[PDB]
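Report on one structure; see the data block that follows.
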Protein chains: 4
Amino acid sequence: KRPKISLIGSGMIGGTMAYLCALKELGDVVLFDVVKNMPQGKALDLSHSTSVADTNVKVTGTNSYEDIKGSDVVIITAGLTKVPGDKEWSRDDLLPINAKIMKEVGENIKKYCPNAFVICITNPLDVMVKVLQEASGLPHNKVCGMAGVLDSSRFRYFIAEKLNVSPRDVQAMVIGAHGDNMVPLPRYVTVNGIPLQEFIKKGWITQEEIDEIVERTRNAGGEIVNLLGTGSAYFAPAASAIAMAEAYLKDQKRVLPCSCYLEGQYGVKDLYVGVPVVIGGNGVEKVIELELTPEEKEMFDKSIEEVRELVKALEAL
Amino acid sequence: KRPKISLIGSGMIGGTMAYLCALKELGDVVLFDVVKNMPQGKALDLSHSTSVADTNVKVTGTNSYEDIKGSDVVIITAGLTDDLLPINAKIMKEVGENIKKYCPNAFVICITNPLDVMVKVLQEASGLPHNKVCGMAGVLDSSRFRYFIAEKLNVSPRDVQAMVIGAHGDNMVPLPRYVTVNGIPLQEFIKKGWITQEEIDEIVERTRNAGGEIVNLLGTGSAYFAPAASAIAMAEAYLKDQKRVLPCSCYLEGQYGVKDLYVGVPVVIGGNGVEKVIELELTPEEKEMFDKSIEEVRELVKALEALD
Amino acid sequence: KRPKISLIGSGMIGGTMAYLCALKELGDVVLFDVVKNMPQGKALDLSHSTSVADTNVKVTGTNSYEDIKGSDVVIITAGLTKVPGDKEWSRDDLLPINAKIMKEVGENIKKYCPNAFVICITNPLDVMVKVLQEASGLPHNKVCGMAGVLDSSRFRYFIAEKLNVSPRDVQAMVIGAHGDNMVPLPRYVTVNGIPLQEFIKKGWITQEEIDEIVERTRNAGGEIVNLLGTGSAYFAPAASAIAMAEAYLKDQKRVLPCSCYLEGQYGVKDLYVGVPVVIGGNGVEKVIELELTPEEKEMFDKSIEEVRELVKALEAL
Amino acid sequence: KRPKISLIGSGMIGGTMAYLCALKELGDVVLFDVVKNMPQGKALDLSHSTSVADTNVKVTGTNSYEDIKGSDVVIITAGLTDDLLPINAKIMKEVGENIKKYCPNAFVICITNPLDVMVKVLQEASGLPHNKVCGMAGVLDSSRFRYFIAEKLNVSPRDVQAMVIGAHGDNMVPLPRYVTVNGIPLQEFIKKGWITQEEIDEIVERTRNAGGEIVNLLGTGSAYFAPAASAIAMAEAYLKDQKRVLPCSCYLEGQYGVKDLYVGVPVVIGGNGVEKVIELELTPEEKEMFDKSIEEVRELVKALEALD
Ligand SMILES: NC(=O)[C@@H]1C=CCN([C@@H]2O[C@H](COP(=O)(O)OP(=O)(O)OC[C@H]3O[C@@H](n4cnc5c(N)ncnc54)[C@H](O)[C@@H]3O)[C@@H](O)[C@H]2O)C1
Ligand SMILES: NC(=O)[C@@H]1C=CCN([C@@H]2O[C@H](COP(=O)(O)OP(=O)(O)OC[C@H]3O[C@@H](n4cnc5c(N)ncnc54)[C@H](O)[C@@H]3O)[C@@H](O)[C@H]2O)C1
């Protein structure tokens, strides 16, 4: 039988992700949402598009978790977003309400598709993937969060733009927690293996512009929201998560910064945070421990501790 | 120079089309919209997504018509969804004007409704060759027809040929007589038990109403995934000179009994636009449905010319 | 684990098929041949190409059947070709020698990958697929021959060329035995569902040109050989067979003329011959019984009987 | 008009390249060869294969140079594998002449060996801009280097960056110092136990010799799958203006200490050909290997100019 991909949450990101799954014939799709008839509407739109693409993909809409039975992969966008930010929204609403949805999603995964590879997108990302892992009981290797691939896609793009080379040939990474305490890694940026500093010396780019690109990367999500007025980014967020899903389903063994369960690496135990990892047919297969400078480890430590604060505040109740 | 694709209108359809242009590396994408900043917001999102796809596509958003200069393809969703007819026409008039000033060699694909009517306003206002302007509707209506037939037979939509002609709307005309499975007449599958004559009739009316069917289930807005894909397939056919056979709203000069009118019929789309009109051997009944389908189009086109 | 595709025979067709499998990331490939080191050379060439395509595909060369263990799909080009044609080659060499290789291939499939979907290309095609089925003991649904997709690709192309429309939008089919007694179906040719006769009346094509295209289709293989001097077609033959393999592995349910096991359909029992079929995740899933004219059934009967003659001559010894 | 890709030489590499052009719908393909009928035979085979891929690509074979008129890209494999140097040069002279007559705006990618030497003969004989002529070698040598490194680490080749510069041959110069895993220096993976310093050295010499390694195993002929893919990736970079960073044999005017010579170095390939040369910060040892690598090229280029 085909691979089964279930999208928990059928908003903008969920629909586009399902569009990519249909365009790439990655497998049968299931769009789930609490809103009645809505996932069923997109599914029929998307079903019609398969006709234009000359594919066979089955896309289904549903308001019941039962239809995620046997899913090979599960990708979760459901919950409140950051669009309101009201400075008390993250603390009084985002964190406490989303944690409760993650617990309900995790329980449904546990009963209906406990073998799936599970990719979380809901924010606060690092916190929510932990909660989803706890509630679902699945191996820590098969539950991770999408954040670094998106933050890296922005980083790489901004670099590629100034240098005027294809983004394929810009290697860039962003680690740490997803959010304002993310850590772009300017030292590790290369152009097809060439350190970026070589282009600084040859005048393709300058050091300040690089520092600007670091900050623009950290705020890229808000830059787009502000410009949209209504809504948030969904084209790149959806591709990033489907890159990770394609890496799992085709055992591509790609190297991508993802939010994953550490156990000693980087001096972190029993915690989810963004790090470079190898994604393969068996999920998160290897964590790469980068030889970070002391300064870099400091930014990583301050970012890893904000994640703790919130994991603990959530554990209060 | 890369091909340049300008999307006049950056709503749901326009943005979805821009994404397909970026995934398929069809060319540089310009997202135009009257709304301030919003196109630029989507453009940056889309730009980011090129890193994930490892492409080099340039996607820019703008609020100034000047940025469509030199466009090889223009795709128009600008409009709204009882003042809608004349307001959409002033828009379509304005869009068509900027096209002639800025990119008078573009292949233009109108999407806004009433499609077949607004197509002719656009051509008149832009003064472009009649074969370089057309409307996307038949590809989408056929993809629904094709899809519904495919799922009942349990074969791939690729091997279902099905077409829809006439005007885009509730009176569109699916053609069950021409449906085939890899060229095998659909009727052969009635006789061998794959589908019944009643289910075909039911499917034919579900195709007529699919637009509203989707609208009722979404609750806010209308379909756009298949709409976007249909427009891009038409643009891909022009950019790569694929000579595809597709139902599109095109300028007829006597074919089917229509003069100086844009109406949905099968055409060959290639590097020089709408390169050939296919004139089907329609039966009297089928020709009758076609005539009643376009009646509304011929009236509206006359009424709008009066209001100039 | 990835899907495993084994190519029995690593000649021109076998290598190209493996190139397509690598380009399309359809799965892990195994190139097998009796020639020592040769399949291993192509595999390393192809391995290098995956670097240019930015894929992860594992391509392996081998001279041992043991390495086809667990194959999801098996595609067989091995044996003598038609390139010599010496009028006694088909009878004294092609048929008797290839049948013996098919029996050895079938036995190796039976012991090492009895769950595979098996696509035969060796000629005489309809005869050899039967022999391979007998020797391997696998379900008749999971063993078929590639012939009609190639003969149809030629038919469709010749039509598309004269009309000057994309071949995608020309539906054309060829049924019967692969070879000189193949049956192009001019009546069933459509342009996106439109009968071809409509274009005859409107002057895009004429009836004689159509009849020429029927004959050119029947001789297309020899036309190319003659022009090549050395060798035979391998680009289209390889794609055709990989289309059938992609249809199985992705459960695409495509409609394609293939050589398959009939049991009453078309008044043929216990025999392999080319007919329109639906290929899906479970192999050959449905045979389509076309409402052929009496004339058409006559050409089909004369083509189905030449296949018998050879199946019986082979059964002598 | 579709892009026009002419392949001067229809052997194994040339035909494999034509197939990739047809699969990727990059443009119309012209297969030229001196051998009578053989190109036409492959063209018809390839044409048939377009039906299976559902593309509209035109593939023609010919024995007359006139059919390359207007080519946007030309890719040259014409040659043979102790008279081979001067015979290949008369050929490369002849090919370059017909190019200037027939398609003097083409992007030209030479493949025949000794690559870096025959590249300069071609440019001289064709009189084309030095940025519109280059040679494919570094992409292939890097794809082997990249591949060997990828399989030992068990990561995707996509996330291995590795380069090879200098001349194409046994003296080519892999650059283990610049190898990275998604930008992470390869040395970090020594320290954490993924690969050893000895296996890198071994890999670096296996890259040098991969060409012959393949040749020994095939028994007849040489590699062509990766060779073809590398040339097409370079042509795709030109046709779609992808601005790819790739090691190619390109005209240097003082970079690296080379004047009026074609040598393998990293470049940016885009819509205007070889748009930029990247000048790496090579160490003394690395610069030394580079100089010894091109010594043979500078001598042969001088010796062949004398024989005119
Ligand atoms: N022909 C078909 O089959 C398609 C099927 C589905 C719907 N398609 C029709 O085009 C649009 C549907 O596109 P979309 O779903 O994206 O509607 P949106 O509301 O999201 O976007 C409309 C945009 O159009 C922009 N726009 C852009 N320019 C203008 C001007 N110049 N005036 C007014 N509005 C303008 C405006 O800011 C809006 O953002 C509407 O007119 C439909 O009748 C037609
Ligand atoms: N630079 C690289 O890294 C490539 C790596 C692999 C091999 N590449 C070199 O080009 C070719 C390899 O291509 P191929 O594998 O296809 O060699 P073939 O023998 O199959 O084809 C050579 C064709 O070249 C044709 N040809 C075409 N034109 C001519 C002329 N004008 N003179 C002589 N020969 C000509 C001739 O008919 C032959 O069919 C040879 O010169 C190699 O040194 C180079």
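In the text below, chain A, chain B and the rest are named by the order of the sequence lines, each starting its count at 1. Atoms within each ligand, like the ligands themselves, are counted from 1 in listed order.
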Q.
Show the atoms of ligand 2 that are less than 4.0 angstrom away from any heavy atom in D:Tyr65.
A. 31 (N)

Q: Only heavy atoms count here, so choose which of D:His168, D:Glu94, D:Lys90 is nearest to atom 2 (C) of ligand 2.
A: D:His168

**Q.** Nearest option to atom 22 (C) of ligand 2, as decided by whichever heavy atom of D:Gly15, D:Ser230, D:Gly79, D:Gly9 sits closest
**A.** D:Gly79

Q: Looking only at protein heavy atoms, identify the closest one to atom 20 (O) of ligand 1 and say how far it is in Å.
A: B:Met12 N, 3.3 Å

(Q) Looking only at protein heavy atoms, which one is nearest to atom 18 (P) of ligand 1, and what is the separation? (A) B:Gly11 CA, 4.2 Å

Q: Sort out for me which residue in B:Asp33, B:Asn63, B:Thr60, B:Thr62 forms a side-chain hydrogen bond (donor to acceptor under 3.5 Å, both in side chains) with B:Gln40.
A: B:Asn63

Q) To the nearest 0.1 Å, how far is atom 25 (C) of ligand 1 from its closest protein heavy atom, and which atom is that? A) B:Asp33 OD2, 3.2 Å

Q: Kindly confirm or rule out an N or O of D:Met136 lying under 3.5 angstrom from an N or O of ligand 2.
A: yes

Q | ligand 1 contact on B:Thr112 by region, counting heavy-atom pairs under 4.0 Å | A | both

Q) Quick one: which of B:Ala78, B:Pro39, B:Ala137 has a heavy atom closest to atom 24 (O) of ligand 1? A) B:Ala78

Q) Between B:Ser10 and ligand 1, is there a nitrogen or oxygen pair with a distance under 3.5 Å? A) no

Q) Who passes side chain to side chain donor-acceptor pair (under 3.5 Å) against B:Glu97, sequence neighbours left out? A) none

Q) Considering only the protein, which heavy-atom contact is closest to atom 40 (C) of ligand 1, and what is its distance? A) B:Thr81 CG2, 3.6 Å

(Q) Taking the six-membered ring for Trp, are B:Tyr102 and B:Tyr65 closer than 6.0 Å centroid to centroid? (A) no

Q. Taking atom types as modelled and ignoring hydrogens, do the side chains of A:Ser51 and B:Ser143 form a donor-acceptor contact shorter than 3.5 angstrom?
A. no

Q) Under 4.0 Å from atom 28 (N) of ligand 1, do we find at least one protein heavy atom? A) yes

Q | D:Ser293 and D:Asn171 side chains, donor-acceptor separation under 3.5 Å | A | no

Q) What is the nearest protein non-hydrogen atom to atom 1 (N) of ligand 1, stated with its residue, atom name and distance? A) B:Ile111 O, 2.8 Å

**Q.** Closest approach of any protein heavy atom to atom 13 (O) of ligand 1, naming residue and atom
**A.** B:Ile13 CD1, 3.4 Å

Q) Which residue owns the protein heavy atom closest to atom 35 (C) of ligand 1, what's the atom, and how far is it? A) B:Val34 CG2, 3.5 Å

**Q.** Protein heavy atom at shortest distance from atom 11 (C) of ligand 1
**A.** B:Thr77 O, 3.6 Å

